[PDB]
Amino acid sequence: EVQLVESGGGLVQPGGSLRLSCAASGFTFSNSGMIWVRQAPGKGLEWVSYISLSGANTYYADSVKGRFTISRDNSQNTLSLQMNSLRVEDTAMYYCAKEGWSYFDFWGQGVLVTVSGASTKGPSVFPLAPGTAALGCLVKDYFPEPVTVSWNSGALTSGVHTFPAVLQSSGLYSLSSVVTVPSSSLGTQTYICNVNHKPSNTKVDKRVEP
Amino acid sequence: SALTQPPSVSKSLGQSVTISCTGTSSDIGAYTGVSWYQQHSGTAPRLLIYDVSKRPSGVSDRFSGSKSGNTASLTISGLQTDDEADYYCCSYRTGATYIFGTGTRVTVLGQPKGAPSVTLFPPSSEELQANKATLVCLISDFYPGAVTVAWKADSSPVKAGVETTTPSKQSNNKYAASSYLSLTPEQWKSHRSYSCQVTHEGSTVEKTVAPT
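Residues numbered from 1 in each chain as written, not as in the entry; some residues may be left out. Chains lettered and ligands numbered in written order. Heavy atoms only, no water.

As stated in the entry header, the method of structure determination is X-ray crystallography and the reported resolution is 2.6600 Å.

Going by what the PDB entry lists, chain B is known as DH427 Antibody Light Chain and is assigned to Macaca mulatta. The record lists its title as "Crystal Structure of Tier 2 Neutralizing Antibody DH427 from a Rhesus Macaque".

Looking at the PDB entry, one finds chain A named DH427 Antibody Heavy Chain, with Macaca mulatta as its source organism.

Next up, the structure:
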């Protein structure tokens, strides 16, 4: 039950700054080294920075030195990455990872850092109305990734299929989330999709009824 | 300066595959700090092998690692559909920095064919009141991961307004994709019907909606 919960990330202008954070639990955050790893879409993993258990020793990739700063708090059990002078090429999914010994067990879920001159746009949410019936939500025209969709605030998870977003010509994303539900629950059970777009603090609750 | 991996490697179900990781005498040739990581699409990397050949609890013994000179090697035996993922080698280098491989995509071939399940949604009334119209075609549960989508109004082709994703593997190890047809509310109402045609392998499944 070791956990690495990451936070931060989102859309930043070229030249701008971002600080990523990694909350650690389930292990002595001391006694272990930590790294940041990033992954551009859809490229491979590249190592960004290393920090020892004390913070005494820190190392960087050449592609990153002078712009990125790694630090840790051994009381808060947190790992940080301060990023300055960001470029479009810095656009990636950023992972924190615990070190064992010259290897890395346990990774964070990753947070998406998007460096672009494009503006943030929140999505418009539209209901896709309906043994087993299909219904869903259209999440239309947002930027940037990601978007999360839950159903009935976490109560409904079975039969839920959230599709990967389409990238339109407009540069905006759209996705759909569809859940298969018993037709007998229709007209008795309420179905609400909970859409969250953090880059624009957009949270939309849409009721989906036949 | 990078650990060289084969971009893609493919064998059939039950067979064994070996992935090479060629570095330098400053890393793989110099140390035992070689590790391997599995990453499925849309997930965080997972430690498979550490210290050249060791396995963490939870990794099947179908995964094994070895090393010879400046090249490390990961072998996967009894290829399964879950083994279909991206694989990365890693090594400690001399400036106490770490370095990852270019990655290898493993494809397992002799898997059962799967016909696409299609759900087609019409434009919602809420979107129409907003002077917009979007047709939503959801395509799931097909293998292999190649499909072709075509849209029809009544019985005629639509080239404009169509956005379609690249297929992606789901949790059921089948594939999913989606197609979006952008319309004006009048376009939607002028025609008798609209259809999404999904063609997989040779078969073609069609779904149809009407502004009732």
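More follows now that the structure is in view.
A. Just the state of the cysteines, in detail. If you walk through the whole model with that rule in mind, you get 4 disulfides over all chains. Between the sulfur atoms of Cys-22 of chain A and its disulfide partner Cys-96 of chain A the distance amounts to 2.0 Å. You can see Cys-22 of chain A sitting in strand β3 (residues 18–25) and its partner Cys-96 of chain A sitting in strand β9 (residues 92–98), a full 74 residues away along the chain. For the pair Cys-22 of chain A and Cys-96 of chain A, a shared accessibility class is recorded, and that class is buried. Paired by a disulfide, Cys-137 of chain B and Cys-196 of chain B hold their sulfur atoms 2.0 Å apart. Looking along the S-S bond of the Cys-137 of chain B-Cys-196 of chain B disulfide, the torsion reads about -90 degrees, which is the left-handed sense. (Disulfide = S-S within 2.5 Å. Helix = DSSP H or I, 4+ residues; strand = E, 2+ residues; numbered from the N terminus. Buried < 20%, exposed > 50% of the residue type's maximum accessible area, 1.4 Å probe, protein only.)

B. The environment of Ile-19 of chain B, seen in detail. Residue and element names in this part refer to chain B. Counting through the fold element by element, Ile-19 comes out in strand β2 (residues 17–22). Taking the relative accessible area as the measure of exposure, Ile-19 reaches 0% and is therefore buried. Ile-19 sits 88 residues away from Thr-107 along the chain, and the two C-alpha atoms are 12 Å apart. When sequence neighbours within four positions are dropped, the list of residues in contact with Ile-19 reads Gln-5, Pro-6, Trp-36, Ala-72, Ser-73, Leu-74, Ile-76, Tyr-87, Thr-104 and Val-106. (Contact = heavy atoms within 4.5 Å.)

C. Quick peek at the layout of surface pockets. Taken as a whole, the second largest pocket holds about 460 Å³ of empty space. As for the second largest pocket, its lining consists of 25 residues, and the residues nearest its centre are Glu-46, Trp-47 and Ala-61 of chain A together with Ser-1 and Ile-99 of chain B. At the level of elements, β4 (34–39) and β5 (46–51) of chain A together with β8 (98–100) of chain B are the ones that each hand at least two residues to the lining of the second largest pocket. In terms of residue count, the dominant contributor to the lining of the second largest pocket is β8 of chain B (3 residues). (1 Å grid on protein atoms, 1.4 Å probe; cavity = no way out; pocket = protein on both sides within 12 Å on 5 of 7 lines; lining within 4 Å. Points joined across faces, edges and corners; volume = space filled by probe spheres on them.)

D. Looking closely at the interface of chain B and chain A. Counting residues at the interface gives 39 residues for chain B, matched by 41 residues for chain A. For the pair chain B and chain A, the two sides together bury roughly 3,000 Å², of which 68% comes from carbon and sulfur. Its largest share of buried area at the contact with chain A, chain B owes to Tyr-98, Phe-100 and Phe-121 of chain B, together 22% of the area lost on that side. Linking chain B with chain A are 10 residue pairs in polar contact. (Buried area = accessible area lost by both parts, 1.4 Å probe. Polar contact = N/O pair within 3.5 Å; in protein donor to acceptor, adjacent residues only side chain to side chain.)

E. Just the sheet that holds strand β17 (residues 194–200) of chain B, in detail. Residue and element names in this part refer to chain B. In space, the 4 strands of this open sheet follow the order β13-β12-β17-β18, with antiparallel pairing throughout. Edge positions in the sheet fall to β13 (156–158) and β18 (203–209), since each of these pairs with one other strand and no more. Direction aside, neighbouring strands of the sheet carry axes that sit 30 degrees apart on average. Here strand β12 (residues 148–153) runs beside β13; their pairing, made up of 3 bridges, is antiparallel. (Pairing = 2+ DSSP bridges. Axes fitted to C-alpha atoms, helices over the stretch in contact; angles between N-to-C directions.)

F. Quick peek at the environment of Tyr-50 of chain A. Residues and elements named next belong to chain A. For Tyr-50, the position within the fold is in strand β5. The spatial distance from the C-alpha of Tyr-50 to the C-alpha of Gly-110 is 16 Å, given a sequence separation of 60 residues. At 2.7 Å, the side chain of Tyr-50 forms a polar contact with the side chain of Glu-99.

G. Focus on the pairing of strand β16 (residues 173–181) of chain A. All names here are of chain A. The element β16 is extensively covered by neighbouring structure, given that 8 of its 9 residues are classed as buried. Where strand β15 (residues 166–167) lies against β16, 2 bridges are found, and the strand directions are antiparallel. Note that in β16 the partner of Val-166 across the bridge is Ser-174. Following β15, the chain reverses through 5 residues before pairing antiparallel with β16; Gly-171 in that reversal takes a positive phi of roughly 90 degrees.

H. A look at the domain arrangement of chain A. All names here are of chain A. Each assigned domain of chain A is listed with its residue range as follows: domain 1 (1–117) and domain 2 (118–210). Each of domain 1 and domain 2 was reduced to a C-alpha centroid, and the two centroids are 30 Å apart. Facing 5 residues of domain 1, the contacting portion of domain 2 comprises 7 residues. Interface area, domain 1 with domain 2, both sides summed: about 470 Å², of which 69% is carbon and sulfur. On the domain 1 side of the interface with domain 2, the three residues burying the most area are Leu-11, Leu-112 and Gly-117, jointly 69% of the side's total. Linking domain 1 with domain 2 are 1 residue pair in polar contact, by the criterion used here. Per-class residue counts for the side of domain 1 that touches domain 2 are 2 nonpolar, 3 polar and no charged. (Domains from an automatic or database assignment. Nonpolar A, V, L, I, M, F, W, Y, C, P; charged D, E, K, R; others polar.)

I. Expanded view of the packing of aromatic side chains. What the rule picks out here adds up to 18 aromatic pairs over all chains. Ring geometry for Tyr-50 of chain A and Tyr-98 of chain B: centres 5.9 Å apart, planes at 35 degrees, overall tilted. One end of the pair, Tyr-50 of chain A, is in strand β5; the other, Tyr-98 of chain B, is in strand β8, on a second chain. Put simply, the rings of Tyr-50, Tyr-59 and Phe-104 of chain A together with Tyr-31, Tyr-92 and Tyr-98 of chain B pair up and form one aromatic cluster. In this structure, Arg-72 of chain A is placed above the aromatic ring of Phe-29 of chain A, and the distance from its NZ or CZ to the ring centre is 4.3 Å. (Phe/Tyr/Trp six-rings, centres within 6.5 Å; stacked < 30°, edge-to-face > 60°. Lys NZ or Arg CZ within 6 Å of the ring centre and 35° of its normal.)

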